[PDB]
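Protein chains in written order, with the authors' numbering: chain B, 27 to 50; chain A, 497 to 501, 503 to 545.
Where is the CB? At the ideal position from N, CA and C, for every residue including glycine.
Notes for the one structure printed next.
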């Protein structure tokens, strides 16, 4: 059996604080 | 290896690999810490 992930399972890529930014 | 061998002599090796991650630091040089100061302009060094 299967299911759609939607947009779940994002995680913080590094231990650095960033705010009010669209970061690649 | 025999002691009479120079490019054929045994050499001991240690390679130190240093991790400079974004994480909290873990192994420091012997540099002594000092008290924090705020609102004054300071030269600073946090974790290197």
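Your pair residue 520 of chain A and residue 41 of chain B checks out as a contact, with CB atoms roughly 5 Å apart and the cut at 8 Å. It is roughly 12 Å from the alpha-carbon of residue 527 of chain A to the alpha-carbon of residue 545 of chain A. At least one beta carbon of chain A lies nearer than 9 Å to the beta carbon of residue 42 of chain B. Those residues of the segment 514-527 of chain A placed with their C-beta closer than 9 Å to a C-beta in chain B are 518, 519, 520, 521, ordered along the chain.
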